[PDB]
Every structure is written in structure tokens, then in C-alpha cells.
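Chemist:
2 protein chains.
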Amino acid sequence: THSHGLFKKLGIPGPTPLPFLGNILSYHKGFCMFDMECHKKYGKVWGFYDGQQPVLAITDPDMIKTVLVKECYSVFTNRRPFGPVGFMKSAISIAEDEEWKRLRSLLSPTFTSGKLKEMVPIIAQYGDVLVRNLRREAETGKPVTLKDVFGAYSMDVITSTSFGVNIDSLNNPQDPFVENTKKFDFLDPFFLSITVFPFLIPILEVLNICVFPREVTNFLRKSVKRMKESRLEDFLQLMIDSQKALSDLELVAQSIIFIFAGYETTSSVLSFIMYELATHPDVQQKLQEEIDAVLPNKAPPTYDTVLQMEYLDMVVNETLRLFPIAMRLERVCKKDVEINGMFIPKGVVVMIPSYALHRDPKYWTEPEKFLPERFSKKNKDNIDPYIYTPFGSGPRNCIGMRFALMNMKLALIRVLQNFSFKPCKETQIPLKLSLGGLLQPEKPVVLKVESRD
Amino acid sequence: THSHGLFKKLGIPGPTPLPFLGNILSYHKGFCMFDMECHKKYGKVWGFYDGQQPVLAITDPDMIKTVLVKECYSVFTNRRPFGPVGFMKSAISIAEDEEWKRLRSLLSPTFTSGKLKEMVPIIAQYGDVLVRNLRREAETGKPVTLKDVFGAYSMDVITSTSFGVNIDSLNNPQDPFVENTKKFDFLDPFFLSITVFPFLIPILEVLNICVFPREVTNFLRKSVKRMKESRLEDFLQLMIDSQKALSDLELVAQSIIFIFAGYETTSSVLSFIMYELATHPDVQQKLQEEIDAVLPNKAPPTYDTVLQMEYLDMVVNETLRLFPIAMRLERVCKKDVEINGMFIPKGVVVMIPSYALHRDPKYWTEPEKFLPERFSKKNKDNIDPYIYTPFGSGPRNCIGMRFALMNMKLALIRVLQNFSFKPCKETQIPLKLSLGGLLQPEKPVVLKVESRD
Ligand code: HEM
Ligand code: HEM
Ligand SMILES: CC(C)(C)OC(=O)N[C@@H](CS[C@@H](Cc1ccccc1)C(=O)NCCc1cccnc1)Cc1c[nH]c2ccccc12
Ligand SMILES: CC(C)(C)OC(=O)N[C@@H](CS[C@@H](Cc1ccccc1)C(=O)NCCc1cccnc1)Cc1c[nH]c2ccccc12
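First to last, the sequence lines map onto chains A and A'. A prime marks a further copy of an entry chain. In case it helps, the authors' numbering puts the first sequence at residues 27 to 209, 213 to 262, 270 to 279, 288 to 497. In case it helps, the authors' numbering puts the second sequence at residues 27 to 209, 213 to 262, 270 to 279, 288 to 497.
(1) To test your reading of the DSSP string, which unbroken alpha helix (DSSP H) runs of 4 or more residues are found completely within the region 389-430 of chain A'?
(2) Alpha carbon to alpha carbon, how far is A'/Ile369 from A'/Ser315? Give it in angstroms, no decimals.
(3) When the distance is taken between beta carbons, is A/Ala83 closer than 8 Å to A/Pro397?
(4) Can you tell me which of the three DSSP states A/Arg105 falls into?
(5) For A/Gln472, collect the residues of the same chain with a Cβ closer than 6 Å to its Cβ; drop the 5 residues on either side in sequence, then sort them by chain order.
(6) Under 8 Å, Cβ to Cβ, is there at least one residue of chain A' near A/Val235?
(7) Identify the contact partners of A'/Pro218 in chain A, using a Cβ-Cβ distance below 7 Å as the criterion.
(8) Is A/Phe213 near ligand 3, going by C-beta to nearest heavy atom under 7 Å?
(9) I'd like the list of long-range same chain contacts for A/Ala178, defined as Cβ closer than 6 Å, with 5 residues on each side in sequence excluded.
(10) Please list the partners that A/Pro242 has in chain A', where partner means a Cβ-to-Cβ separation under 8 Å.
(11) Mark A/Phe302 as exposed unless 16 or more other C-beta atoms lie within 10 angstroms of its C-beta, in which case mark it buried.
(12) Within a Cβ cutoff of 8 Å, which residues of the same chain sit near A/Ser188, ignoring the five residues on either side of it in sequence?
(13) Shortest alpha-carbon distance to A'/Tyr68 belongs to which of A'/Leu261, A'/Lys466, A'/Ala400 and A'/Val175?
(14) Cβ of A/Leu229 less than 8 Å from any chain A' Cβ?
(15) Candidates A'/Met452, A'/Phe74, A'/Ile50 and A'/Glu494: which alpha carbon is nearest A'/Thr309's?
(16) Taking the alpha-carbon positions, what's the residue 267 of chain A' to A'/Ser437 distance?
(17) Is the region 417-436 of chain A' touching the region 351-366 of chain A' in the sense that three or more CB pairs, one from each, lie closer than 8 Å?
(18) Closest Cβ-Cβ distance between A'/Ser222 and chain A: below 8 Å?
(19) Could you tell me which of A'/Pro389, A'/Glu494, A'/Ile276 and A'/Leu475 sits nearest to A'/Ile38, measuring between CA atoms?
(20) In this structure, how does DSSP classify A'/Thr171 when only helix, strand and coil are distinguished?
(21) Return the first residue and the last residue of the beta strand (DSSP E) that residue 211 of chain A' is part of.
(22) Which residues in the same chain as A'/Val392 place their Cβ atom closer than 6 Å to its Cβ, once the five residues preceding and following it in sequence are excluded?
(23) Are there 16 or more other CB atoms within 10 angstroms of the CB of A'/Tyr432, so buried, or fewer, so exposed?
(24) Is the distance from the Cβ of A/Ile50 to the Cβ of A/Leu261 below 8 Å?
(25) Could you please give the first and the last residue of the uninterrupted alpha helix (DSSP H) stretch that includes A/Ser131?
(26) For the 8 Å Cβ check, are there 3 or more pairs between the region 130-143 of chain A and the region 323-342 of chain A?
(27) Look up A'/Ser464 in the DSSP assignment and say whether it is helix, strand or coil.
(28) Identify whether A/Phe220 lies in helix, strand or coil by the three-state DSSP scheme.
(29) So, with DSSP's three-state summary, where would you put A'/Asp76?
(30) Report the neighbours of A'/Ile184 on chain A: residues whose CB is nearer than 8 Å to its CB, in chain order.
(31) Run the proximity test for A/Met181: is its beta-carbon closer than 7 Å to any non-hydrogen atom belonging to ligand 3?
(32) Excluding five sequence neighbours on each side, which residues of the same chain lie with their C-beta closer than 7 Å to the C-beta of A/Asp380?
(33) Quick one: using the 10 Å Cβ neighbour count with 16 as the cut-off for buried, is A/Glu294 buried or exposed?
(34) Would you be able to state if there are at least three C-beta pairs under 8 Å between the region 333-349 of chain A' and the region 138-150 of chain A'?
(35) With H, G and I counted as helix, E and B as strand and the rest as coil, what does DSSP make of A'/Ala343?
(36) Does any heavy atom of ligand 1 sit closer than 7 Å to the C-beta of A/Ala305?
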């Protein structure tokens, strides 16, 4: 436990670390509550130890921008390593340094205005599928779980945009391309034990053990294999028309990330939005009127249409403030440097507590409140872009931001053009966040669902 | 590698062990071929090292009987430990010493003549289900995979005899009690690495890591929980009417063993029998005539009926000779002893190569040949019961032998009363055993299936 003296030696405040454990015991109410408290009592900057691993939390907007934007390329290029990952070492959000910049550049042109617009008609054909699957249980007239219906849609949109495999996942709880997809709590019996035994990570790699257990990976290594080639002899088509090289084992890796980034993220965030609309009927009514004014006769949405609806964009943005699913942003400092006057030694994980910053009184009137008006053009300047970062910032931000926004909103428009949502008995008000290690509802989101004519 | 001198020090022949690896590299053609060769060139007794773990192979019938029967209770009580197993430490085939004898005695009355006879009508109702599912693909007229149809049946018979949950598993590739059940190669990237790093086993236990990965276990911990009690407020009923205590976490453990012991074992052995019948039509015809003579008009079988058909018992026994799915029997020596004149130090795993002994010319005319006549009452005395041990022997033999025999034969009778089996093009002749670490067909068993009227 010789590494625990670093934050007194640097004169930086923080909770006292226990031997070997560090501050991990302070995670008993999730990263979010521990960040909000630390912020409230330690101020602009503090430190703590994930095991032996020092973690410096910063909150200065000039400092955050130095880490995310300015000195990203030179100093803060990687996220904190975690394992074991096996062949997934080559995935973009996990890769580091020069083979990240290789993958980041190779994969950036997959989320371009021209390519995103070229996906509107394809996934608009699933918005319709979302409607009929949702109409059936509107006459059922008993509470509806959104994570499952949104999952099916978001999954349907992923499979299609990723491999062209068109399936009604709700009505097909079966077929091979939806079974494995159904198959990371940083605080379960396991990931706690790898922050207390980070020295055990090389042991599990030698054992080919993977946190992505090798039953799902093997399905796709061949599901892509035959469909790489002898099934067509789309993110995939846009990676083979360039297959700075790109191995086919490295091609499977990015496919998995895209699939999880946008099935759990897209549906979790869509569930948080329908909760906030159902417990704020005022907003729901305001949004149904904006949608119908841009799209008369329940018209099909287009790329240009969606960038226009700005109360819809206002609603999405505020939900992300209250529920930024990443919670934190993390960069590993690559060398002895000194930003904003303070000194950062080699190896420290520099951390940014997105959740807590999204709820700081020193920036947000009525923090816990759901006020989509904060983001209207009248007020969307009193908002620091380095305090509101649900997609990160800088070269290593969310490569799928524009697609995530565009997909969620297309789901929202076609859904609100036809249905409305009311709180139930099982409906939890106010929603309590997970005690665990990600940002999901403690109890699933289930609501009343009526229909218009 | 200080432990590798033990077999020169004892003056016992064997292959020379490499540092750290031992003789594991000699497993490149399965345990079976390595046992047959060692036997052929080293004789009655030899030794080798699974990593640092010395393993003494014996073949004397008086010696085998001393280890399995005489000094089982005092010296050779456990099988060689393997892990990580988590809560499955309390399962009977894994438990050791005084808590094994507790579980062995507590669970023995579940396989009694009176209880086995009380299962005939229940599983005879599934023999019928086996027929109709098999009739459909008799008119299809294209090769039939037996492991899948036998799996469904054997599974149907397990679920019912274990929890009363009656399901058509082939026609239900779905329901929760058949999904997880579908979910151990001692030679994959993993189990090789735990015989070279047996010192890493305590590491994975600390991590709650299990070779029974915790997705299946958790289903049953609660699937039994509510059906323990508030679903009826059968092996299960026969364990709760006594729930020397028996914890409920220990109750889930035995349930898993029974389920795997008799879904993969019962269906693997049934697939080996239909292969041997289809490539020996003579025997198949001889068996169809014995069945029809005991059971006229395709009559339903009974407990007394099955013990009577002795060519059927002859066919089963010979298949087990050629394919004894356990391959080896193993006991861990608990103290310095000296049996049959030779000296056994503390800690050595004493091993018996069932497969190779089942194919030894010094006991078996035409070893590779399928001659069910070896087991007729005319010849079933020229057969040493410590050379033919498909169910082991002694206090720690197969507790489910009588049930396994009774179940397989009931499957065989109702099937042969209605169908016949012929070799195909994809049919592999002769069958080649798995290069891997268990005894299964290298390529699945698929055969032509006709029908009688
Ligand atoms: C509501 C939806 C989403 C949210 C809120 C979100 C948020 C984030 C955040 C905060 C980061 C970290 C940024 C940083 O470190 O500064 C990130 C990274 C990333 N996201 Fe997203 N994301 C979403 C959807 C998606 C989708 C749909 C995809 C892909 C199809 C995606 C792909 C990625 C990738 C690849 C990275 C790692 C980037 C890198 O390391 O270079 N995300 N996301
Ligand atoms: C064709 C079917 C089967 C074969 C060939 C077979 C064979 C064997 C063999 C060779 C052993 C080791 C005996 C020894 O160590 O000397 C064994 C152990 C065992 N078998 Fe079976 N078995 C079969 C089916 C079953 C079934 C259906 C069950 C349970 C329902 C079962 C339960 C067990 C148990 C619990 C043990 C461990 C006994 C102990 O450690 O006390 N087996 N089996
Ligand atoms: C919701 C969230 C992001 C907070 O937790 C997650 O469940 N996922 C982790 C684990 S890692 C992995 C994702 C994964 C997880 C389970 C099974 C397969 C793959 C990966 O390779 N990619 C992440 C894809 C993604 C998710 C959300 C937004 N965009 C991109 C944490 C994490 C991974 N990448 C990050 C980037 C920034 C901040 C946090 C993370
Ligand atoms: C076919 C065989 C027996 C050679 O390989 C096996 O796949 N199973 C191993 C692993 S262990 C486990 C079984 C298990 C395996 C996978 C998933 C869950 C549980 C256990 O707890 N019970 C074994 C039940 C059984 C199987 C066959 C006959 N009777 C009883 C080896 C093994 C376990 N027990 C033995 C007893 C004697 C000889 C070998 C073994």
C-alpha cells in the first residue's frame, strides 16, 4: 500500500484510503452518490484510490477542456485499462494510442451526414414495426415495459444498420441473430475483485478468460465470416470496402461495440425519456403538438425534419442531463505534466464526474427538476459545454453521437404521433437510480399506454 | 519440477515428463489412445505426470478391487479434485470423505427397485412422445441426427423424473426449463491450463468464477426455490421429505448432477447403440425379434419386461465396452499404503484406464469388433468384472446405474418396435472417436430411418 501517499504528497484533498481496498468501500451507493458527495465537500478537485489506483477528479471547465481536447493527443489518450478482454483488445473504445488513432480514423466516416441521411428510409421501416408491436398491447390495457419494446426496436435498428439482417425481434424472441444479442456492472463480485487484484488480470488472459464470455464472440466470428464474403459475394459493408490495414478478427471486435453501444444505450435512454414525459404530461402535450406541426397527417419523418423539431431536441438533452448513462469520463495520464497550474504524475487516471456536474447547484437551477426549457435557444448559452457532456468531448468523444441522437428521435416521433403514456401503480415515482454500477432504473420502467383513435 | 522424480525413485516405468508440462503433450490424441499405448508398452502398471501431479495407472484385477472396494473407505475415497466449482463443492461426485458419505447415504434410496419401478408409467408416457416426434421425420426421408432426438427424450425423462415438469423439448425448443438445460472437455484451452496451473484454482474461487458459469446455476436456485415450497405447498420430492442435515444450496447442487448425468450420458450412449445396430443389421434384426416376442402387439413395456429381454441387455453391455463414456476411473490416495506388494505414497492419483482395458487383447477376442454375443449367459463368465467397469465398482460406483440402464432400454424398446435404421452417406464408418477429452463421436451420428407399416 505504498502508493496511497500520493495525494497528501501533492497536497490534494480526498477520503482516507484503507489498505489494499483504497476507497472502494465508499461505492456502497453507486459512483454517482459518491461523486456528488465528494464534489460537495472537497470542491473543484480531489483524489481517491480505486485499490492502489489513484484517481484525480477535476471540475474546472478549462482543465476538462485541456484533458479532453487540447492535450488529448499527447497526454490523456487512453481510458483506464480494464480486463480481461481477449481479442477485444482491438476494439476502439478499448484500444490505445497509435492503434486507436488508426481505428478512430478508419471508422470515423461511418457516421457522416451523408451516411446518416442514407439510413432514414431503412430504419423508418422499423419505426412502423415499432408501432404495430406497440398497438397490440395498447388494447391489452395493462402496464407496458419500455426496455423490452424499445430493446426490440433498437435491436432491429442495429441488426439492419450493421448487417442487413431484418428481424422483428419482439415477435422473434428466437432467431440466431437475436438470441445471442440478448446475452458491465463495475461493482459486482467480479469487477470489484479486479480493482483490488489488478495484478490478476494477466492471469485470466493467459486462461483465454474474457469478460465478453467466448459463447457470444464465437457466434459472430463466423456469423460475420460467411456474411463477410460468401453471403454477399451498413457499417459492415463500409468496413470491408476497405478490408493502415484491418484484420478480420479486428473487424468482429468493432461490430460488437456498435451492437452493445446502441442497444442498451439507445433503449435505456429512450426509457428514461418516456418516464419523464409520462410524469410531466405538460411536456408530453407540448411535444405532441410540435411533432404534429412539423409532420402533418402523422407524416413520415426525414433527416431534415428531425433536425428541425427543437422542443424534441430540448427534451432529449434534458433527459441526458438527469441521466448521463456513462456517469464518468476517464483518461489515463501518459507522462509527468502540469495543467492549469496543478501537477499530474505519470499513471494517474484523470476522471470527470458527469453525473454530479449535471446536478451541480453552482450551474443548474432546480437540479433534480425536469425542466426541458433550460435548452431553448433563449437559455442554451447559459450552459457550459464542459459541464454538460453526455457524449464526452474532444477527439475521443462518442463516435456514434449523431446516430444515437438521430435514432432515438425517430423512435420518439413515430411513437408520439400515435400513443400517449401515463403513470401506473407499479410506476416508481420518483425513479430511484440503480444502487449498482451503471445508470439504469433500479426497478424497470413500466407505464400506462393509451392510443389516439 | 521437484516432484517428477517420484517414479524413478519408486522404480515404476513411464514416459519421461517435461518440466512443468509433465506428460500433458502426450494427450494430443485423447486420453484413450495415450492409455492404449502406455498399456501396450509398459504393461501391468506405469506412471505419468499431469503437470506436477503424479498419476499411477494400475491394471491388476486384485489391485483394482482393493482400490475400488476393499480400501475405498479408508484410502481411496475421493476423485482427483478439479475446480473452480463454487457452491458445487457439495455435489456428490465432487464431495469428499465424511460429507460425501453423508450425501451418498442420504441420496442412495432414490435409486431403489421400488422407486425405479414407480417410474415406469411416467417415462413410458414419454416413450410415446419420442415415437411421434420420430415418426414425423420418418416420412421426411432424409438423415436423422440421434443426439438431438435422444436429447429431447432423455431431457423429457429427466425434467419429469426430477421436478415433474412435463415438456416436449424437441417441439419446445423454447420454454425456460429446456433453454438452460441445453447450456467438460478436459483438454480445451482452459482445463489444460488448470492442470499446468493447479495453483491458480484458489484464485478463480476467490473471484466466484465457476466452470459451471453462474447463469445456469442461478436459474435453478430459484426455479427450485419456488417449487421447493410455494409451488407444491421425483428426486426432488424424495429430498425435501428429508429436508445429517441437507441445506437448500446443497439441494440445488445434486439436482444439477442428476440433470447432466443422464441427459448427455443417456443420449450419448443411446446414439452409440443405434450406430452399432445400423452398421450391424443382423443384430438389429435379432433384437427386433426378441422385443416383439416379449412384447406382442408392440405392447407397452414394464419393469419386469425389461429385465427379461437379454439380447437387449447383451447389446447395451457390448456398446458400453466399446464406448465407456467415463474413459477412466480415478481415486486419490489418502495415505502412505502398500497394496498388492507395491507402495503408494500420499497424494498420488490412482487411475484405471477403462477404455483401454475394454479393448485389451489379453482379455477380448476381436477387440475392435462389435460382438454382443460376448455377454450371453454362455460366455458372460469368461468376463472379469474388474476389467469391464462402465459404471465403476465399489462404494463410489455410479449411483444411477440401474436407472440409466432402465431408461436407455425403455427408449430402445419403444423405438425398435416401430422403426429401423440404415447407414447414410454422411454416416461415418467406422466411427472415429473424438480427438478431444471426452468420449463422443467426432462427427455426430446421423442415420437413415424407415418405418414398419
Ligand atoms: C444515448 C446514446 C449514447 C450516449 C449517451 C453515448 C455516450 C458516450 C460517452 C459519454 C462516451 C465517452 C466519451 C468520452 O470519453 O469523452 C462514448 C464513447 C463511445 N461511444 Fe457513445 N454514446 C451513445 C451511443 C453510442 C452509439 C449508438 C455508438 C455506436 C453505434 C457509440 C459508440 C461509441 C464509441 C465507439 C465510443 C468510444 C470512442 C473512442 O474511444 O474513440 N455510442 N459514448
Ligand atoms: C449410460 C449412463 C451412465 C454411465 C455409463 C455412467 C457411468 C459412471 C461411472 C463410470 C462413474 C464412476 C464410477 C467410479 O468412480 O467407479 C459414475 C459416477 C456417478 N454417476 Fe453415473 N453413469 C451413467 C448414468 C448416470 C445417471 C443417469 C446418473 C444420475 C441420475 C448418474 C449419477 C452418477 C453419480 C452421482 C456418480 C458419482 C458417484 C459418487 O461419486 O458417489 N450416472 N457414472
Ligand atoms: C452504459 C455504460 C457505457 C456506462 O456501461 C456499459 O455497459 N459499458 C461499459 C463496458 S466496455 C464495452 C461495452 C460493453 C458492455 C457489455 C457487453 C459488451 C460491451 C465497449 O467496448 N464499449 C462501450 C460501448 C458504448 C456504450 C455506451 C456509449 N457509447 C459506447 C463502459 C464503457 C465502455 N466504453 C465507454 C466509453 C465511455 C464511458 C464508459 C464506457
Ligand atoms: C461424460 C463424462 C462423465 C466422462 O464427462 C462429463 O462430461 N463429466 C465430467 C465433469 S464433473 C460433473 C459433470 C458435469 C459436466 C458438465 C456440466 C455439468 C456437470 C459432475 O458433478 N458429475 C458427473 C455426472 C455424471 C456423468 C456421467 C456419468 N455419471 C455421472 C467428468 C466426471 C464427473 N463425474 C465423474 C465420475 C466418474 C468419471 C468421470 C466423471
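Here a beta-carbon is modelled for each residue, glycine too, at the ideal position from N, C-alpha and C.
Modeler: This is what the structure holds:
(1) 398-401
(2) Your numbering for residue 315 of chain A' matches position 271 in the second sequence. Your numbering for residue 369 of chain A' matches position 325 in the second sequence. Straight-line Cα distance between these residues: approximately 12 Å.
(3) Numbered from 1 along the first sequence, position 353 holds the residue referred to as residue 397 of chain A. Numbered from 1 along the first sequence, position 57 holds the residue referred to as residue 83 of chain A. It is a contact, given that the beta carbons lie within the stated cut-off.
(4) For the purposes of this step, residue 105 of chain A is identified with residue 79 of the first sequence, where counting begins at 1. Three-state DSSP puts A/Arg105 in coil, outside helix and strand.
(5) For the purposes of this step, residue 472 of chain A is taken as residue 428 along the first sequence, with counting starting at 1. Excluding residues within five positions, the ones whose Cβ falls inside 6 Å are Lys487.
(6) Taking the first sequence and counting its residues from 1, one reaches residue 235 of chain A at position 206. It does: the Cβ of A/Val235 has a partner Cβ on chain A' nearer than 8 Å.
(7) As a working note, residue 218 of chain A' is residue 189 in the second sequence. The contacting residues are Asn237.
(8) In the first sequence, the residue the question calls residue 213 of chain A occupies position 184. Yes, since a heavy atom of ligand 3 falls inside the 7 Å radius drawn around the Cβ of A/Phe213.
(9) Position 152 of the first sequence, counted from the first residue, corresponds to residue 178 of chain A. Within the same chain, A/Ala178 has close Cβ partners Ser195 and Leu196.
(10) Translated into the one-based positions of the first sequence, residue 242 of chain A becomes position 213. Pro242, listed in chain order.
(11) Counting from 1 along the first sequence, the entry for residue 302 of chain A is found at position 258. Counting Cβ neighbours within 10 Å, A/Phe302 comes out buried, since at least 16 surround it.
(12) The count along the first sequence starts at 1 and reaches residue 188 of chain A at position 162. Correct list, in chain order: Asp270, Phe271, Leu272, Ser299, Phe302 and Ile303.
(13) Position 42 of the second sequence, counted from the start, is the residue given in the question as residue 68 of chain A'. Among A'/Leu261, A'/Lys466, A'/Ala400 and A'/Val175, the Cα nearest to that of A'/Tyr68 belongs to A'/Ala400.
(14) By one-based count along the first sequence, residue 229 of chain A stands at place 200. For A/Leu229, the answer is yes, since a Cβ of chain A' falls inside 8 Å of its Cβ.
(15) Looking up residue 309 of chain A' in the second sequence gives position 265. Answer by Cα proximity: A'/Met452.
(16) Absent here is residue 267 of chain A', because the residues of chain A' run from 262 on to 270 with nothing modelled in between.
(17) yes
(18) Counting from 1 along the second sequence, the entry for residue 222 of chain A' is found at position 193. It does; some Cβ of chain A falls within 8 Å.
(19) Indexing the second sequence from 1 puts residue 38 of chain A' at position 12. Nearest option by C-alpha distance: A'/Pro389.
(20) Translated into the one-based positions of the second sequence, residue 171 of chain A' becomes position 145. The answer is strand: DSSP assigns A'/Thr171 an E or B state.
(21) Coordinates for residue 211 of chain A' are absent, as chain A' skips straight from 209 to 213.
(22) For the purposes of this step, residue 392 of chain A' is taken as the residue at position 348 of the second sequence. Same-chain partners within the cutoff: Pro80, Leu82 and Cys377.
(23) The residue given as residue 432 of chain A' occupies position 388 in the second sequence. So A'/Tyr432 ends up on the buried side.
(24) Taking the first sequence and counting its residues from 1, one reaches residue 50 of chain A at position 24. Taking the first sequence and counting its residues from 1, one reaches residue 261 of chain A at position 232. Not in contact: A/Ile50 and A/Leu261 (Cβ atoms no closer than 8 Å).
(25) Position 105 of the first sequence, counting from 1, holds the residue named residue 131 of chain A. Where A/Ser131 is concerned, the enclosing alpha helix (DSSP H) stretches over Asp123 to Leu133.
(26) no
(27) The residue labelled residue 464 of chain A' in the question sits at position 420 within the second sequence. A'/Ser464: strand per DSSP, three-state reduction.
(28) Within the first sequence, residue 220 of chain A is the residue found at index 191, counting from 1. In this structure, A/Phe220 counts as helix in the three-state DSSP scheme.
(29) The count along the second sequence starts at 1 and reaches residue 76 of chain A' at position 50. The answer is strand: DSSP assigns A'/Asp76 an E or B state.
(30) As a first step, residue 184 of chain A' is located in the second sequence; it is residue number 158 there, counting from the start. By Cβ distance, chain A contributes nothing, its closest Cβ being about 23 Å from A'/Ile184, past 8 Å.
(31) Residue 181 of chain A sits at position 155 when you count from the first residue of the first sequence. No, ligand 3 has no heavy atom inside 7 Å of this Cβ.
(32) Locating residue 380 of chain A in the first sequence gives position 336, counting from the first residue. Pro389 and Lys390, listed in sequence order.
(33) Counting from 1 along the first sequence, the entry for residue 294 of chain A is found at position 250. Burial call: buried.
(34) yes
(35) In the second sequence, the residue the question calls residue 343 of chain A' occupies position 299. The answer is coil: DSSP assigns A'/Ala343 none of H, G, I, E or B.
(36) Translated into the one-based positions of the first sequence, residue 305 of chain A becomes position 261. Yes, Cβ of A/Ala305 sits closer than 7 Å to a heavy atom of ligand 1.
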